[PDB]
Amino acid sequence: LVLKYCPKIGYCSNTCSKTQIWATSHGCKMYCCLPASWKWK
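Set out below in structure tokens:
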């Protein structure tokens, strides 16, 4: 679940709410948080 970078739609944080996908964005220090609505790969 690695992302080149955190999608503008979401926001990067040390931890993401369950609803949010814990998309690990390489382009960020912490995890990338995105709405469950967000489409992954």
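Quick note on my numbering: the sequence shown kicks off at 89 and runs consecutively.
All C-beta atoms, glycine included, are put in the ideal place defined by N, C-alpha and C.
Annotated three-state conformation of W110 is strand, per DSSP. Shown here, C121 sits in a strand according to DSSP, grouped into three states. Rounded to the nearest angstrom, the gap between the Cα atoms of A124 and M118 is 18 Å. In the three-state scheme derived from DSSP, where H, G and I count as helix and E and B as strand, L89 is classed as coil. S105 and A111 have their C-alpha atoms some 11 Å from each other.
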